[PDB]
>>> print(open('model23.csv').read())   # CSV, C-alpha atoms and all ligand atoms
chain,number,residue,atom,x,y,z
A,1,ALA,CA,2.9,18.5,29.1
A,2,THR,CA,-0.7,18.3,28.2
A,3,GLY,CA,-0.6,22.0,27.4
A,4,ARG,CA,0.7,21.1,23.9
A,5,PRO,CA,-2.0,19.6,21.6
A,6,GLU,CA,0.4,17.2,19.9
A,7,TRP,CA,1.2,15.5,23.2
A,8,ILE,CA,-1.2,12.6,22.5
A,9,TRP,CA,0.7,11.6,19.4
A,10,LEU,CA,4.1,11.8,21.2
A,11,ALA,CA,2.6,9.6,24.0
A,12,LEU,CA,1.3,7.0,21.6
A,13,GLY,CA,4.6,7.0,19.7
A,14,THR,CA,6.6,6.4,23.0
A,15,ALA,CA,4.2,3.6,23.9
A,16,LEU,CA,4.4,1.8,20.5
A,17,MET,CA,8.3,2.1,20.3
A,18,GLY,CA,8.6,0.8,23.8
A,19,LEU,CA,6.3,-2.2,23.1
A,20,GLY,CA,8.1,-2.8,19.8
A,21,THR,CA,11.5,-2.9,21.7
A,22,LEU,CA,10.2,-5.4,24.3
A,23,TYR,CA,8.7,-7.7,21.7
A,24,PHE,CA,11.9,-7.9,19.6
A,25,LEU,CA,14.0,-8.4,22.7
A,26,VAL,CA,12.0,-11.3,24.0
A,27,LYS,CA,11.7,-12.8,20.5
A,28,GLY,CA,15.5,-12.7,20.1
A,29,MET,CA,16.2,-14.5,23.4
A,30,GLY,CA,17.8,-17.8,22.7
A,31,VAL,CA,18.5,-17.2,19.0
A,32,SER,CA,22.0,-18.8,18.6
A,33,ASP,CA,22.7,-18.6,14.9
A,34,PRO,CA,25.5,-15.9,14.5
A,35,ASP,CA,24.0,-14.4,11.4
A,36,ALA,CA,20.5,-14.1,12.9
A,37,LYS,CA,22.0,-12.5,16.1
A,38,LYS,CA,23.3,-9.7,13.9
A,39,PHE,CA,19.9,-8.8,12.5
A,40,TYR,CA,18.2,-9.1,15.9
A,41,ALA,CA,20.8,-6.7,17.4
A,42,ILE,CA,20.5,-4.1,14.7
A,43,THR,CA,16.7,-4.3,14.5
A,44,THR,CA,16.0,-4.2,18.3
A,45,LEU,CA,18.3,-1.2,18.7
A,46,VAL,CA,16.3,0.9,16.2
A,47,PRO,CA,13.0,1.2,18.3
A,48,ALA,CA,15.0,1.4,21.6
A,49,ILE,CA,16.7,4.6,20.4
A,50,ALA,CA,13.5,6.0,19.0
A,51,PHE,CA,11.7,5.2,22.3
A,52,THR,CA,14.2,7.4,24.2
A,53,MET,CA,13.9,10.3,21.8
A,54,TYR,CA,10.0,10.1,21.7
A,55,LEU,CA,10.1,10.2,25.5
A,56,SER,CA,12.4,13.2,25.4
A,57,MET,CA,9.9,15.0,23.2
A,58,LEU,CA,6.9,14.1,25.3
A,59,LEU,CA,8.7,15.5,28.5
A,60,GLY,CA,9.7,18.7,26.6
A,61,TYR,CA,13.5,18.2,26.6
A,62,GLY,CA,13.8,17.6,22.9
A,63,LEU,CA,12.0,20.9,21.8
A,64,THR,CA,13.5,24.3,21.1
A,65,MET,CA,12.2,27.7,19.7
A,66,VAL,CA,13.7,29.0,16.4
A,67,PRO,CA,12.8,32.5,15.2
A,68,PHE,CA,12.0,32.9,11.5
A,69,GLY,CA,9.3,34.7,9.7
A,70,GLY,CA,8.8,37.1,12.6
A,71,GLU,CA,7.6,34.3,14.9
A,72,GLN,CA,9.0,31.9,17.5
A,73,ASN,CA,8.6,28.5,16.0
A,74,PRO,CA,8.6,25.2,18.0
A,75,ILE,CA,11.2,22.9,16.5
A,76,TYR,CA,11.5,19.3,17.8
A,77,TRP,CA,15.3,18.8,17.4
A,78,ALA,CA,15.2,15.4,19.0
A,79,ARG,CA,13.9,13.8,15.8
A,80,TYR,CA,17.3,14.4,14.1
A,81,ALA,CA,19.2,12.9,17.0
A,82,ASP,CA,17.0,9.7,16.6
A,83,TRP,CA,17.3,9.6,12.8
A,84,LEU,CA,21.2,10.2,12.8
A,85,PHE,CA,21.6,6.8,14.5
A,86,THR,CA,18.5,4.8,13.4
A,87,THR,CA,18.5,5.5,9.6
A,88,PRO,CA,22.0,4.1,9.1
A,89,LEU,CA,21.1,1.0,11.2
A,90,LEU,CA,18.1,0.4,8.9
A,91,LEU,CA,20.3,0.7,5.8
A,92,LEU,CA,22.8,-1.8,7.4
A,93,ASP,CA,20.0,-4.4,7.8
A,94,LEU,CA,19.3,-4.1,4.0
A,95,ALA,CA,23.0,-4.1,3.1
A,96,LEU,CA,23.8,-7.2,5.2
A,97,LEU,CA,20.9,-9.0,3.7
A,98,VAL,CA,22.4,-8.7,0.2
A,99,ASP,CA,26.0,-9.1,1.3
A,100,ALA,CA,26.9,-5.6,0.0
A,101,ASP,CA,30.6,-4.8,-0.5
A,102,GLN,CA,32.3,-2.5,2.0
A,103,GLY,CA,32.7,0.4,-0.4
A,104,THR,CA,28.9,0.6,-1.1
A,105,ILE,CA,28.1,0.4,2.6
A,106,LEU,CA,30.4,3.4,3.4
A,107,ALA,CA,28.8,5.3,0.5
A,108,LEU,CA,25.3,4.7,1.8
A,109,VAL,CA,26.1,5.5,5.5
A,110,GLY,CA,28.0,8.6,4.5
A,111,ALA,CA,25.2,9.9,2.2
A,112,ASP,CA,22.7,9.2,5.0
A,113,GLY,CA,24.8,11.3,7.5
A,114,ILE,CA,24.8,14.1,5.0
A,115,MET,CA,21.0,13.8,4.5
A,116,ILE,CA,20.2,14.0,8.2
A,117,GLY,CA,22.9,16.6,9.1
A,118,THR,CA,21.8,19.0,6.5
A,119,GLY,CA,18.1,18.4,7.5
A,120,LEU,CA,19.1,19.5,11.1
A,121,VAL,CA,20.9,22.6,9.8
A,122,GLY,CA,17.8,23.6,7.7
A,123,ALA,CA,15.6,23.0,10.7
A,124,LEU,CA,17.6,25.4,12.9
A,125,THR,CA,18.3,28.1,10.2
A,126,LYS,CA,16.9,31.6,11.0
A,127,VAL,CA,16.9,33.0,7.5
A,128,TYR,CA,13.7,31.7,6.0
A,129,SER,CA,14.7,31.3,2.3
A,130,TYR,CA,17.9,29.5,3.2
A,131,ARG,CA,15.9,26.7,5.0
A,132,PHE,CA,14.9,25.4,1.6
A,133,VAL,CA,18.5,25.4,0.3
A,134,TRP,CA,19.4,22.9,3.0
A,135,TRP,CA,16.2,20.9,2.3
A,136,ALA,CA,17.2,20.6,-1.4
A,137,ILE,CA,20.8,19.4,-0.6
A,138,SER,CA,19.3,16.8,1.9
A,139,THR,CA,16.8,15.6,-0.7
A,140,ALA,CA,19.5,15.2,-3.3
A,141,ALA,CA,21.4,12.9,-0.7
A,142,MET,CA,18.2,10.9,-0.3
A,143,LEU,CA,17.8,10.4,-4.0
A,144,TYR,CA,21.4,9.0,-4.2
A,145,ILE,CA,20.4,6.5,-1.5
A,146,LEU,CA,17.3,5.4,-3.3
A,147,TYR,CA,19.2,5.1,-6.6
A,148,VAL,CA,21.7,2.7,-5.0
A,149,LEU,CA,19.0,0.6,-3.3
A,150,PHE,CA,17.4,0.1,-6.8
A,151,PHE,CA,20.4,0.0,-9.2
A,152,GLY,CA,22.9,-1.6,-6.9
A,153,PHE,CA,21.2,-3.7,-4.3
A,154,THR,CA,18.4,-5.2,-6.5
A,155,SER,CA,20.9,-6.4,-9.0
A,156,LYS,CA,22.9,-8.3,-6.4
A,157,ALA,CA,19.9,-9.7,-4.4
A,158,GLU,CA,18.7,-11.4,-7.6
A,159,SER,CA,21.8,-13.7,-7.6
A,160,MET,CA,21.3,-14.9,-4.0
A,161,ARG,CA,19.2,-17.5,-2.2
A,162,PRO,CA,15.5,-17.0,-3.3
A,163,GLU,CA,14.3,-16.2,0.2
A,164,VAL,CA,16.9,-13.5,0.5
A,165,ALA,CA,15.8,-12.0,-2.9
A,166,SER,CA,12.1,-12.0,-2.0
A,167,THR,CA,12.5,-10.5,1.4
A,168,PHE,CA,14.9,-7.8,0.2
A,169,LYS,CA,12.5,-6.8,-2.6
A,170,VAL,CA,9.6,-6.3,-0.1
A,171,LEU,CA,11.8,-4.4,2.4
A,172,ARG,CA,13.2,-2.3,-0.4
A,173,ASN,CA,9.8,-1.3,-1.6
A,174,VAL,CA,8.6,-0.5,1.9
A,175,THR,CA,11.6,1.7,2.5
A,176,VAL,CA,11.4,3.7,-0.8
A,177,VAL,CA,7.7,4.5,-0.2
A,178,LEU,CA,8.0,5.4,3.4
A,179,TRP,CA,11.3,7.4,3.3
A,180,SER,CA,10.1,9.5,0.4
A,181,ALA,CA,7.2,10.8,2.5
A,182,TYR,CA,9.5,12.5,5.1
A,183,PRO,CA,10.8,15.4,2.9
A,184,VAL,CA,7.2,16.1,1.8
A,185,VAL,CA,5.9,16.3,5.4
A,186,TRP,CA,8.8,18.6,6.3
A,187,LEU,CA,8.2,20.9,3.4
A,188,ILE,CA,4.5,21.4,4.1
A,189,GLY,CA,4.8,21.3,7.9
A,190,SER,CA,6.0,23.7,10.6
A,191,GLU,CA,9.7,23.4,9.6
A,192,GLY,CA,8.9,24.5,6.0
A,193,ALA,CA,6.0,26.4,4.4
A,194,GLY,CA,3.7,26.1,7.4
A,195,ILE,CA,0.6,24.8,5.6
A,196,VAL,CA,-0.1,21.8,7.9
A,197,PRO,CA,-0.2,22.5,11.7
A,198,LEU,CA,2.3,21.0,14.1
A,199,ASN,CA,-0.3,18.7,15.7
A,200,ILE,CA,-1.2,17.0,12.4
A,201,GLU,CA,2.5,17.0,11.3
A,202,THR,CA,3.4,15.2,14.6
A,203,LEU,CA,0.7,12.6,13.8
A,204,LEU,CA,2.1,12.0,10.3
A,205,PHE,CA,5.6,11.5,11.5
A,206,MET,CA,4.5,9.1,14.2
A,207,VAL,CA,2.7,6.9,11.7
A,208,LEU,CA,5.7,7.0,9.4
A,209,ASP,CA,8.2,6.3,12.2
A,210,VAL,CA,6.3,3.3,13.6
A,211,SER,CA,5.8,1.8,10.1
A,212,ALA,CA,9.4,2.3,9.1
A,213,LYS,CA,10.8,0.9,12.3
A,214,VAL,CA,8.4,-1.6,14.0
A,215,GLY,CA,6.6,-2.6,10.7
A,216,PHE,CA,9.9,-3.0,8.9
A,217,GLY,CA,11.3,-5.1,11.7
A,218,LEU,CA,8.3,-7.4,12.0
A,219,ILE,CA,8.7,-8.3,8.2
A,220,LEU,CA,12.4,-8.9,8.5
A,221,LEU,CA,12.5,-10.9,11.8
A,222,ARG,CA,9.8,-13.3,10.6
A,223,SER,CA,11.8,-14.2,7.5
A,224,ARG,CA,13.9,-17.2,7.0
A,225,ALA,CA,16.4,-15.0,5.2
A,226,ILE,CA,18.2,-13.9,8.4
A,227,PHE,CA,19.4,-17.5,9.2
A,228,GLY,CA,22.3,-19.1,7.5
A,229,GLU,CA,21.6,-22.1,5.3
A,230,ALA,CA,22.0,-25.1,7.6
A,231,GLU,CA,20.9,-28.8,7.8
A,301,LIG,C1,-3.2,0.7,9.8
A,301,LIG,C2,-4.5,1.1,10.6
A,301,LIG,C3,-4.3,2.6,11.0
A,301,LIG,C4,-4.9,3.5,9.9
A,301,LIG,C5,-4.5,5.0,10.3
A,301,LIG,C6,-3.9,5.7,9.1
A,301,LIG,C7,-4.2,7.3,9.2
A,301,LIG,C8,-2.9,8.1,9.0
A,301,LIG,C9,-3.3,9.6,9.4
A,301,LIG,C10,-3.7,10.6,8.6
A,301,LIG,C11,-4.1,12.0,8.2
A,301,LIG,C12,-5.5,12.4,8.9
A,301,LIG,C13,-5.3,13.7,9.7
A,301,LIG,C14,-6.6,14.1,10.4
A,301,LIG,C15,-7.4,15.2,9.6
A,301,LIG,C16,-7.4,16.5,10.3
A,301,LIG,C17,-7.5,17.7,9.3
A,301,LIG,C18,-8.6,18.7,9.7
A,301,LIG,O1,-9.7,18.3,10.1
A,301,LIG,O2,-8.4,20.1,9.7
A,301,LIG,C19,-9.7,20.8,9.6
A,301,LIG,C20,-9.6,22.3,9.7
A,301,LIG,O3,-10.1,22.7,10.9
A,301,LIG,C21,-10.4,23.0,8.6
A,301,LIG,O4,-9.6,23.0,7.4
A,302,LIG,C1,8.5,0.2,28.9
A,302,LIG,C2,9.7,-0.5,28.1
A,302,LIG,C3,10.6,0.6,27.5
A,302,LIG,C4,11.4,0.0,26.3
A,302,LIG,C5,12.7,-0.6,26.9
A,302,LIG,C6,13.7,0.5,27.3
A,302,LIG,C7,14.8,0.7,26.2
A,302,LIG,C8,16.1,1.2,27.0
A,302,LIG,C9,16.7,0.1,27.8
A,302,LIG,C10,17.6,-0.8,27.4
A,302,LIG,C11,18.6,-1.4,26.3
A,302,LIG,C12,18.3,-2.9,26.2
A,302,LIG,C13,19.2,-3.6,25.1
A,302,LIG,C14,19.0,-3.0,23.7
A,302,LIG,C15,20.0,-3.8,22.8
A,302,LIG,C16,19.2,-5.1,22.3
A,302,LIG,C17,20.2,-5.8,21.4
A,302,LIG,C18,19.7,-7.3,21.1
A,302,LIG,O1,18.6,-7.6,21.1
A,302,LIG,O2,20.7,-8.3,20.9
A,302,LIG,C19,20.3,-9.6,20.6
A,302,LIG,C20,21.5,-10.3,20.1
A,302,LIG,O3,21.1,-11.5,19.6
A,302,LIG,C21,22.5,-10.4,21.3
A,302,LIG,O4,23.7,-11.0,20.9
A,303,LIG,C1,25.5,1.3,16.5
A,303,LIG,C2,25.6,2.7,17.1
A,303,LIG,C3,24.6,2.8,18.2
A,303,LIG,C4,24.5,4.2,18.7
A,303,LIG,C5,23.6,4.3,20.0
A,303,LIG,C6,23.5,5.7,20.5
A,303,LIG,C7,22.2,5.9,21.3
A,303,LIG,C8,22.2,7.3,21.9
A,303,LIG,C9,20.7,7.5,22.5
A,303,LIG,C10,20.3,8.6,23.2
A,303,LIG,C11,20.4,9.9,23.9
A,303,LIG,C12,20.8,11.1,22.9
A,303,LIG,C13,21.3,12.3,23.7
A,303,LIG,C14,21.6,13.5,22.9
A,303,LIG,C15,22.2,14.5,23.8
A,303,LIG,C16,22.0,16.0,23.3
A,303,LIG,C17,22.2,16.9,24.6
A,303,LIG,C18,22.5,18.4,24.2
A,303,LIG,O1,23.5,18.6,23.6
A,303,LIG,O2,21.6,19.4,24.5
A,303,LIG,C19,22.1,20.7,24.4
A,303,LIG,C20,21.3,21.6,25.3
A,303,LIG,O3,21.7,21.3,26.6
A,303,LIG,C21,19.8,21.4,25.2
A,303,LIG,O4,19.4,21.8,23.9
A,304,LIG,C1,27.0,9.1,13.1
A,304,LIG,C2,26.8,8.3,11.9
A,304,LIG,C3,27.7,7.0,11.8
A,304,LIG,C4,27.5,6.1,13.0
A,304,LIG,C5,26.1,5.5,13.0
A,304,LIG,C6,26.1,3.9,13.3
A,304,LIG,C7,25.6,3.2,12.0
A,304,LIG,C8,26.3,1.9,11.7
A,304,LIG,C9,27.8,1.8,11.6
A,304,LIG,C10,28.6,1.8,10.5
A,304,LIG,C11,28.9,1.7,8.9
A,304,LIG,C12,30.4,1.5,8.7
A,304,LIG,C13,30.6,0.2,7.8
A,304,LIG,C14,30.1,-1.1,8.5
A,304,LIG,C15,29.9,-2.2,7.4
A,304,LIG,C16,30.6,-3.6,7.9
A,304,LIG,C17,29.8,-4.8,7.3
A,304,LIG,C18,30.6,-5.7,6.5
A,304,LIG,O1,31.0,-5.4,5.4
A,304,LIG,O2,31.0,-7.0,7.0
A,304,LIG,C19,32.1,-7.0,7.8
A,304,LIG,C20,32.2,-8.2,8.7
A,304,LIG,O3,33.4,-8.3,9.3
A,304,LIG,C21,32.0,-9.5,7.8
A,304,LIG,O4,32.1,-10.6,8.6
A,305,LIG,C1,11.3,10.2,-5.6
A,305,LIG,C2,10.4,10.3,-4.4
A,305,LIG,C3,10.8,11.5,-3.4
A,305,LIG,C4,10.4,12.8,-4.1
A,305,LIG,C5,10.5,13.9,-3.0
A,305,LIG,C6,10.6,15.3,-3.7
A,305,LIG,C7,9.1,15.8,-4.0
A,305,LIG,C8,9.1,17.4,-4.2
A,305,LIG,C9,7.7,17.7,-4.6
A,305,LIG,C10,7.1,19.0,-4.6
A,305,LIG,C11,7.1,20.5,-4.5
A,305,LIG,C12,5.7,21.1,-4.5
A,305,LIG,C13,5.7,22.5,-3.8
A,305,LIG,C14,4.3,23.0,-3.4
A,305,LIG,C15,4.5,24.0,-2.2
A,305,LIG,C16,3.7,25.3,-2.5
A,305,LIG,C17,3.2,25.8,-1.1
A,305,LIG,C18,2.7,27.3,-1.1
A,305,LIG,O1,3.4,28.2,-1.0
A,305,LIG,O2,1.3,27.5,-1.3
A,305,LIG,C19,0.6,28.1,-0.2
A,305,LIG,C20,-0.6,27.2,0.2
A,305,LIG,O3,-0.9,26.3,-0.8
A,305,LIG,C21,-1.8,28.2,0.4
A,305,LIG,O4,-2.8,27.5,1.1
A,306,LIG,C1,13.1,6.0,11.7
A,306,LIG,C2,12.9,7.1,10.9
A,306,LIG,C3,13.1,7.2,9.5
A,306,LIG,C4,13.3,6.0,8.6
A,306,LIG,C5,13.3,8.5,9.0
A,306,LIG,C6,13.7,8.9,7.8
A,306,LIG,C7,13.9,10.3,7.5
A,306,LIG,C8,14.2,10.8,6.3
A,306,LIG,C9,14.4,10.0,5.0
A,306,LIG,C10,14.3,12.3,6.2
A,306,LIG,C11,14.6,13.0,5.1
A,306,LIG,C12,14.6,14.5,4.9
A,306,LIG,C13,14.9,15.0,3.7
A,306,LIG,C14,15.3,14.2,2.5
A,306,LIG,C15,14.9,16.5,3.4
A,306,LIG,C16,14.3,17.4,4.4
A,306,LIG,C17,14.4,16.9,5.9
A,306,LIG,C18,14.5,15.4,6.2
A,306,LIG,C19,15.6,15.2,7.2
A,306,LIG,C20,13.1,15.2,6.9
>>> encode(input="model23.csv", output="structure tokens")
Amino acid sequence: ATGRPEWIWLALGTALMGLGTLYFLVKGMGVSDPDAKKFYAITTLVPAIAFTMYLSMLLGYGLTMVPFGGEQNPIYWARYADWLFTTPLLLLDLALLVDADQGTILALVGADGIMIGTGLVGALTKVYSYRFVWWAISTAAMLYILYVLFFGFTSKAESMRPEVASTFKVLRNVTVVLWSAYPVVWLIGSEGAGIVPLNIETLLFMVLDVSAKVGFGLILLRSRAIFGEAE
């Protein structure tokens, strides 16, 4: 375990996702409003899944070796198992906040599945040049998601309760900045061109993951937007 220099960031990531899960679980105890219950359930599940997949990486289960470029390269495949389930949940929190129509939700979740699934194929591909073909397809799926969040969701939020509009705008901006960083880290890190070493890459994804999951949830669950309007 300690024989891998990145273990300290995996240990810190496990601890922070675990503590985040417990805080949201205790906070949501006794919430009775049905609309608020939905946001607490979605938002508490996100760090609980990431906790399990950080632990699997720390203990060494979620790592495999992929030959390319005449080397055996360590690839943490557990990240994609986490993101397959947690990235659609985070998009569902945003879509429920703006009362998105069912067709737009399906479009978003399906494009997200394509983004993560092609990321995994690129991560496990043994022909070096083809890894970047899958990266480009996955990045095109991400750009579709960001387009909808700006030119679909913003338009509808603006016609809703003012607290819904202001909380959506903030969460939208957090999401666009943080999600856009992931394809860059992958391209310069050990899965791509190999310029940044694996221990620094693991630090960068841990800062991004905690911010995009526990930071995002702290903003959302402190807002009055998740409660129905009631006397
Ligand atoms: C909100 C409060 C928390 C704030 C925390 C945010 C920091 C995020 C981490 C960033 C990158 C820093 C990576 C550390 C730099 C190591 C690079 C290096 O030193 O490599 C040298 C090499 O030996 C010769 O080139
Ligand atoms: C050190 C601590 C480690 C971290 C803990 C280990 C995580 C794995 C265990 C359990 C799943 C617990 C339940 C996860 C689902 C929570 C959903 C929820 O909060 O629902 C609220 C809603 O209001 C209800 O109707
Ligand atoms: C609303 C939807 C909520 C969805 C909640 C789902 C949470 C699932 C969490 C965790 C375990 C993931 C386990 C992944 C198992 C992969 C095992 C495997 O195939 O390993 C192959 C081989 O043995 C070695 O490489
Ligand atoms: C493996 C990747 C896929 C599984 C990962 C799990 C992610 C979340 C699940 C589903 C999105 C499907 C559409 C769900 C949108 C329904 C929300 C809605 O429109 O409202 C309906 C409600 O009945 C009004 O009262
Ligand atoms: C809209 C927000 C999301 C946008 C996300 C898409 C961004 C794509 C950016 C850049 C490609 C730059 C490629 C630079 C890679 C060259 C690396 C190389 O081979 O150089 C060797 C190294 O520099 C010797 O030390
Ligand atoms: C909880 C973790 C989050 C919000 C992770 C988000 C991950 C992405 C937006 C990843 C995107 C990628 C690409 C667009 C292309 C290359 C590979 C990926 C999967 C890193």
>>> residues_near_ligand(input="model23.csv", ligand="ligand LIG 304 (chain A)", cutoff="12 Å", atoms="only C-alpha atoms and all ligand atoms", output="PyMOL selection string")
chain A and resi 34-35+38-39+41-43+45-46+49+80-117
>>> residues_around(input="model23.csv", residues="residue A:67", least_positions_apart="5", cutoff="8 Å", atoms="all atoms listed in the file", output="PDB file with C-alpha atoms, keeping the file's coordinate frame")
ATOM      1  CA  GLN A  72       9.000  31.900  17.500  1.00  0.00           C
ATOM      2  CA  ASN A  73       8.600  28.500  16.000  1.00  0.00           C
ATOM      3  CA  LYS A 126      16.900  31.600  11.000  1.00  0.00           C
TER       4      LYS A 126
END
>>> closest_residue(input="model23.csv", among="A:55, A:226, A:208, A:187", to="ligand LIG 301 (chain A)", atoms="all atoms listed in the file")
A:208
>>> residues_near_ligand(input="model23.csv", ligand="ligand LIG 301 (chain A)", cutoff="8 Å", atoms="only C-alpha atoms and all ligand atoms", output="number ranges by chain")
A: 200, 203-204, 207
>>> residues_near_ligand(input="model23.csv", ligand="ligand LIG 306 (chain A)", cutoff="8 Å", atoms="only C-alpha atoms and all ligand atoms", output="PyMOL selection string")
chain A and resi 46+50+80+82-83+86-87+90+115-120+122-123+134-143+175+178-187+208-210+212-213
>>> residues_near_point(input="model23.csv", point="(6.4, 32.9, 14.3)", cutoff="12 Å", atoms="only C-alpha atoms", output="JSON, numbers by chain")
{"A": [65, 66, 67, 68, 69, 70, 71, 72, 73, 74, 75, 126, 128, 190, 191, 193, 194]}
>>> atom_distance(input="model23.csv", atom1="atom CA of residue A:199", atom2="atom CA of residue A:13")
13.3 Å
>>> closest_residue(input="model23.csv", among="A:188, A:11, A:25, A:176", to="residue A:150", atoms="all atoms listed in the file")
A:176
>>> closest_residue(input="model23.csv", among="A:166, A:64, A:2, A:125", to="ligand LIG 303 (chain A)", atoms="only C-alpha atoms and all ligand atoms")
A:64
>>> atom_distance(input="model23.csv", atom1="atom CA of residue A:33", atom2="atom CA of residue A:52")
28.9 Å
>>> residues_near_ligand(input="model23.csv", ligand="ligand LIG 302 (chain A)", cutoff="6 Å", atoms="all atoms listed in the file", output="PyMOL selection string")
chain A and resi 18+21-22+25+28+37+40-41+44-45+48
>>> atom_distance(input="model23.csv", atom1="atom CA of residue A:76", atom2="atom CA of residue A:58")
10.2 Å
>>> closest_residue(input="model23.csv", among="A:47, A:132, A:78, A:157", to="residue A:24", atoms="all atoms listed in the file")
A:47
>>> closest_residue(input="model23.csv", among="A:214, A:151, A:162, A:62", to="ligand LIG 303 (chain A)", atoms="only C-alpha atoms and all ligand atoms")
A:62
>>> residues_around(input="model23.csv", residues="residue A:163", least_positions_apart="4", cutoff="7 Å", atoms="only C-alpha atoms", output="count of residues only")
3
>>> residues_around(input="model23.csv", residues="residue A:174", least_positions_apart="5", cutoff="10 Å", atoms="only C-alpha atoms", output="PyMOL selection string")
chain A and resi 168-169+179+211-212+215-216
>>> closest_residue(input="model23.csv", among="A:147, A:77, A:9, A:205", to="ligand LIG 305 (chain A)", atoms="all atoms listed in the file")
A:147
